[PDB]
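Asker:
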């Protein structure tokens, strides 16, 4: 009775991390790259597409972030993407500098089927070495309430979960770049509150050793949080006035790398993989101390706001984008096998 | 006045992770193994010795934990170790099942100089797959107050810090096994509350893949918490009724492995390493978001109880138990170095690519001397052009006399031209080392003029080390260009990027032959400013950590004084492996702090665009290094006079 | 597509502070004065009309406040005004003593389009010297909930914001008289909670010095709260049994007075002004510590109740009720301008002094063309040398040909020399507008070479406006120097600094004669980049506020289109008072946004040291302006195409 | 029986705002300027001497603040000033970057008679336009507890009052630069909690119009807070890499300017004035709404920590450093009189 060949009917969720073509200070151009990639994700049957930090403006534009025409152009582009999403399958997570109360915030806008589900500000804004973020942007940690976007008040803050009502194994939480590098990252509290898929939008100028650092933190987040971790960094088009960019994207699940894309690519790239939500569910069912940790932090974890959406994923054979070892006890990789 | 050779006086703390010999269900025997190892740690001058989970009983004894004679014997053994510690230097962290209120707890007992400083219960007790811990033992999360041990009420709970009052960089926090594997580990809150050294006592039966899991979690804890992480697991002697044990111990610092011991050993083993508490302090000083995270969780972090102790560490020369790379920009490990070079090269190339696109593909004007820096920049320029689908003939390379350059340009197929500045110089020197700045300026003046005329931009080739020392003719000079791809690359790395390019072989064999000739000719300025190997060493310590000069000299002397110690990267024939005395390191360091802090900033203050390359830093005043152009280096020079011996 | 001439479509909000005719103890009469004034505000297109404290009863009536017929008559009058407001544009803020629970409160009733939005009680009731308020009225601090007015329960309390849902930059908060005089005024918490327009209804019997006190507190509120502050006090009609009244009204914005009315008037008066809500928004966007202060007081600020209303303001041309200076860097007011020039000059001089001390008094090499910029830099260099007790002959001034310069150098007693670059240029143009960059570069090349040779540094003379537009030969060029005292000074201010120096007369009459000759000769490049008066206008709006181009054109057109409107600074004979059409302003603005946002950043990215001068900003990439060197100005040009009429 | 000619016996307190000679990155040199000025204040019988922001390091040194030798040299210089103060009458308020927990803080160290009474961190660190403070330094708002200085744990935080136990009209509170420019400044809560003399250490690079801004905010603070306001800004010696400095000092009392010093001076300058603590006491006694405002914010104001010290001021004739109008109803100033 099930369609046996359907990855969605077996509890997989298809997810994409995307590095788009940045046109600094041109939100209509960044949005056209985003929409093109989002349509490719739709055609692939993906439930989620995550883009780099500050997608719509460019990450690297410094005081240009504060120019009224830049901020107006970001709003106009964002609303146009939102109207476009009416016809797209995946939840899109797109970065934007947005005005709220006194300041602009470094945000991820979570978009689905013609509506904005929520806006998530970055919690920790580095202002050291090559980073100057607190100069233009306000910290989002501890901010709640709603933000007004396109005539709607939508949820805003760093306590949001997006739960697929027809795919209970898929509960999304979003954080940005530096948020995963601090001792108590927002995603760790979100995992305990019920998030199974943790997204990270990053700008992340590339230096020697930095990719290893991203990997260490995203991999160990995915393991310690019994979760998938979907990471996208900015690439070609960001300003190289002082910095370079490698466009890295990667998808981790419980400590395993599911997919990653070409570093320093010419043109856009995506990592696309089927996350086994039942694997994550089975690990959390068995590891009781994971839930004891949630109970220890009950007040923190019980107060997240859960925003529901219906994914209505494709029901047919879309293949399976995942390496499935023939021998779960005998790793194909020779080095790994020697070690075992 | 300091004892310069003392690791403790330079802010190191010596720490040990120990796997003892387990005698299951025999606390007197486990304590005798512990005491023997603790005495070895004392003799080594260690400030801390951490042992495996449930040291005194054995981890693996299941319902035997609940037997009154087992628990009584644990108390008697524990008190006897405590009396023994009166005469031992290190804080000992020893595991024990201990009674408190209704239950036994899985505890770490923190012992120092004849007293128990605190007792820390495990917070999360796994009861799944091979673990059955909640059956015998109570969870410690959320428990506070005191526990009665040997006639004293001592602090008990999972909110304790142990702070050395005479070594402020050493603040200890303890957790146990599973505690580091949950999404919000106790050690992460303790790091934010002030812990710099995080200890983990583990039992951890070993299965395929488990060591990788321990490593992943301890390494990433140490990185995300800007801390040292000291881990010891149980080994021989634990019951093998259902399980095996590998006795692994390891010490991490900020993501780097400092030491680890033999897996599945015959006999006891220890990892022992000097943790740089100033490295941890410098990282936390700079990473402001670490403290923003503490402020977000203020209530959680402000309520830890701090228990003070005086370590009174050895003041003399006890060596340094730490690998100190000779080249902080050039990793000795070949695989790591290949990766670094791959990364630097693509940084440089993609930086320039973006500049070329934004300017609608100008011609690229570049001065080529045959030297390492300009050789490499021309290779970068070439690859950037290739990737952007642009003709190599749009590269305009100029020799400017006052060899390998023309060979290399011809082999690449770029446009090469040789202008002789001799004559224009002459008319200059008339209309107004002088001689030698007029030349440098006329080089630049020409390049810009040709760039104007030809619809192009000037690519710079000067390197980071030259920026650090102000080795450069300011103004109309070699600093000035439209885009400098070498600005972020220290001189010590340049030769390896060229070697990497040759190995790549992606340019073909003729070009590889010319690059090899450049290396052979150039490798064998440093007479005015000294060896770049020493000046790049100090640049990294200053730019990344802000270390004081005596600390830099001490690290440099340990790395450099004996050519036979430590490791050298690839590319150093035996004959090219210099060693430096302390007098030499001191001399070049005085020159370094004067040029860096005082003389050179004005020249950097107006730098051309170019990408940051090294995790150690670059020197863009728009970026990593904001500093005044008009400051004295008096206090750094004085620090050297006061604290670094003459030789 | 916007109506370009509409102040509301450019983010202004028109606001009115009104002093009505008081009839003490006669609410129907006070309401008829209020309604008459409110209709005048409506006709003016005002969004807000604020009246004096206790409008409907009279402020000064003491125990009459407690009479049932007075209080009943206040209710009847209030309800009748409310019905009247159905047909009026502005929110009305009208004072009334109103019963609530046990007592009467001193209230502001906020009325809009036929409904009461909220009732705000005074928080602090003075009972000292001439004030007896706690005798008749209850304090409102800490009161919340609702009050019953005309069959509706409406919000009551000192935690209310009134937010225009169709004009997000307009968020109103109301307080009364004494409320702004206490150390922690309610309006300061409301500003942090989101209020942008703060209203004050005052009774405020007038005594010697009191108007200065009101001004001090309202002005500093508006500045510290990055807000507009709209103040109205009672006047004729209040009882003069013991007290007099002056009817003062005033409107402040961020520390600037927008409007004020006649003191002690015969008849009613209003202040009416367009508040720039985008100016307030831009200041709050940039001043991050404003929001840090809100986060510190999160609990206090997050609990305000926001009451929404739709203003539906007039969409057409209603003029602009606001003084828009033609020269944002050159205040029209003579006293203010003298002060600015005094300040700029000492900034420049003391900046250079510190540089000279730190370098142990080098000689100072400077290119002098006779032009305004280099004339002024030479004066600064001279004064810096004098103050540091250094000989004027250590100044090495060079004319470099390819008049007033030699006169001025001779009159100052500095060392003057004239090198002709004609010849070196020639040999350059051979060995390789080209013509004209070779010259510029050879100037610089020489200056640096002489500085090297003579033990000196090169002082730059280029100005801020030249930096803004990238008017300059990059590299070896006129940007490059060791220290540029003019880097922070826009071209429009330069002439006034010279005039100020002449007026000072501290250099003696011969030097003053030469400076005057420079002004006369130079005043009467702008052909490529347009009038500096327009380009400095746009630079200020962009650098200080980030305003979009249509907003900048609108401000510039109001300032500049009619030479007879507004004020001109000193130093503009009638014949030198140009006016500009919108087509012209639009043209120079397209050139401005292209050069500023896109073309020019690379040249600034490597600037020499020099001090920031203007509160509007400087362009140091180490300072006020961090921006990419490789960005398009497409969106700004497109905004002009879409929103600014062709003429 | 009183010494009639003694300003201290009539309820005056003599206070000094000092601009010292900055030697950037040389704490021993800055401390020697400080000590010289502090001795002049002692000779003048001053009870208080306030110095510019970050006195011991230089305000303008940017990433040099983070160098271990700079920070060590600041500690050594600070301790040496502290030992010197054993023999000086005035409380000294000296700026220093100091390590505490993870970061350095921009601090005012309050020194009296050989001891440190307290260390007060700056609450709001501007990072906009010419200011980059959050890059090197941590915000002090909300920090409490103690800091370890020279073998003593002393009070640390932005809730400290220093009360002269033998001069009850003199209760000191300290804030730094930007702290007075925000809508709810720390000094306003301190005034309500009992502070009568509010000190501000400022760096404050000078631009056109900025002196008017300082004046507006310090004057109105002094008026609205029925207090004296003692302000000192940095001058000669700060780096002029991007900025200039004017060394302004000023003393306000209840809205009146008591003293101010030469702008852009050659050499050090001080403002020195006798503050009438009875004038401040009489205004607060009469203006009941001042205390109603404290009662409204009771929780905020009741929790300040009061640190006591004995001034033991000179008992003799030291003159009176204050303009006393012959005609309190007839201002001597012609413009002011025309207005009256």
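Residue numbers (the authors' numbering), protein chains in the order written: chain A, 0 to 339; chain B, 0 to 401, 410 to 439, 452 to 543, 557 to 679; chain C, 0 to 401, 410 to 439, 452 to 543, 557 to 679; chain D, 0 to 339. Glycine included, C-beta positions come from ideal geometry on N, C-alpha and C.
So for residue 475/B, helix, strand or coil by DSSP?
Answerer: DSSP places residue 475/B in strand when its eight states are reduced to three.
Asker: Any Cβ of chain A within less than 9 Å of the Cβ of residue 503/B?
Answerer: So, not an interface residue.
Asker: Taking the straight line between their C-alpha atoms, what separation do you get for residue 478/B and residue 377/B?
Answerer: Their Cα atoms are separated by approximately 9 Å.
Asker: On the premise that residue 288/A lies in contact with residue 629/B, defined as a C-beta separation below 8 Å, what is that separation, rounded to the nearest angstrom?
Answerer: About 51 Å; that fails the 8 Å criterion.
Asker: For chain A, is any of its Cβ atoms less than 9 Å away from the one on residue 104/C?
Answerer: Closer than 9 Å: no.
Asker: So if I threshold CB-CB distances at 7 Å, which residues from the region 126-146 of chain D count as touching chain A?
Answerer: For the region 126-146 of chain D, which is checked against every Cβ of chain A, the residues closer than 7 Å are 126, 127, 133 and 134.
Asker: Strictly below 9 Å CB to CB, what residues from chain A border residue 287/C?
Answerer: Those are 101, 102, 133, 134, 135, 136 and 137, listed as they occur along chain A.
Asker: Nearest chain C C-beta to residue 340/A closer than 9 Å, yes or no?
Answerer: Look at the range of chain A in this structure, 0 to 339, and you will see that residue 340/A is not part of it.
Asker: Kindly indicate which three-state DSSP category residue 414/B falls into: helix, strand or coil?
Answerer: Reduced to three states, the DSSP call for residue 414/B is helix.
Asker: Do the CB positions of residue 250/D and residue 92/D come within less than 9 Å of each other?
Answerer: Not a contact, by the Cβ cut-off of 9 Å.
Asker: Compare the beta carbon distance of residue 65/A and residue 103/A with 9 Å and say whether it is the shorter of the two.
Answerer: Yes, the Cβ-Cβ distance between residue 65/A and residue 103/A is below 9 Å.
Asker: Cβ of residue 183/A less than 9 Å from any chain B Cβ?
Answerer: Yes, contact with chain B.
Asker: State buried or exposed for residue 309/C, treating a residue as buried only when at least 16 other CB atoms are found within 10 Å of its CB.
Answerer: Answer is exposed; the Cβ neighbour count stays below 16.
Asker: Just to check my reading of the structure: residue 311/B and residue 165/B have Cβ atoms closer than 8 Å, yes? What is that Cβ distance to the nearest angstrom?
Answerer: With 8 Å as the limit, residue 311/B and residue 165/B qualify as a contact, their Cβ atoms being about 7 Å apart.
Asker: Counting along the chain, where does the alpha helix (DSSP H) carrying residue 287/A start and finish?
Answerer: Taken as a continuous stretch (DSSP letters only), the alpha helix (DSSP H) holding residue 287/A covers 287-295.
Asker: Output the distance between the C-alpha atoms of residue 329/D and residue 245/C, rounded to the nearest integer angstrom.
Answerer: Answer to the nearest angstrom: the Cα atoms are 21 Å apart.
Asker: Using a C-beta to C-beta distance shorter than 7 Å, which residues of chain A count as neighbours of residue 645/B?
Answerer: What residue 645/B touches in chain A: 206 and 207.
Asker: On the three-pair Cβ rule with 8 Å, is the region 68-76 of chain A touching the region 252-262 of chain A?
Answerer: As far as the Cβ criterion goes, the region 68-76 of chain A does not touch the region 252-262 of chain A, which means the pair count is below three.
Asker: Only counting the same chain, and skipping five residues up and downstream in sequence, which positions put a Cβ closer than 7 Å to that of residue 435/B?
Answerer: So the list reads 457 and 461, once near-sequence residues are dropped.
Asker: Determine, using beta carbons only, whether residue 506/C comes closer than 9 Å to chain B.
Answerer: False, the Cβ-Cβ gap to chain B never drops below 9 Å.
Asker: Check the Cβ of residue 573/C against every Cβ in chain B and list those closer than 8 Å, keeping chain order.
Answerer: Within 8 Å Cβ-Cβ: nothing; residue 573/C doesn't reach chain B, min ~24 Å.
Asker: Quick one: list the residues of chain F neighbouring residue 216/D, beta-carbon separation under 8 Å, in chain order.
Answerer: Although the question refers to chain F, the structure presented lacks it and instead comprises the protein chains A, B, C and D.
Asker: Which word fits residue 82/B, buried or exposed, when buried means at least 16 other C-beta atoms lie within 10 angstroms of its C-beta?
Answerer: With fewer than 16 Cβ atoms within 10 Å of its Cβ, residue 82/B is classed as exposed.
Asker: Which class does residue 17/C belong to by DSSP, given the choice of helix, strand or coil?
Answerer: Residue 17/C falls in the strand class under three-state DSSP.
Asker: Could you tell me how far apart the beta carbons of residue 281/B and residue 578/B are, in whole angstroms, since I believe they sit closer than 8 Å?
Answerer: With a Cβ gap of about 6 Å, residue 281/B and residue 578/B count as contacting.
Asker: Can you grab the Cα-Cα spacing for the pair residue 45/C / residue 231/C, in whole Å?
Answerer: Answer to the nearest angstrom: the Cα atoms are 15 Å apart.
Asker: Find the residues of chain B that neighbour residue 94/D, judging by a C-beta separation of less than 7 Å, and give them in chain order.
Answerer: Neighbours of residue 94/D on chain B: none; closest Cβ ~17 Å, over 7 Å.
Asker: Rounded to whole angstroms, what's the CA-CA distance from residue 513/B to residue 481/B? Just pull it up for me.
Answerer: Going by the C-alpha atoms only, they are around 11 Å apart.
Asker: Output the distance between the C-alpha atoms of residue 154/D and residue 674/B, rounded to the nearest integer angstrom.
Answerer: Their Cα atoms are separated by approximately 33 Å.
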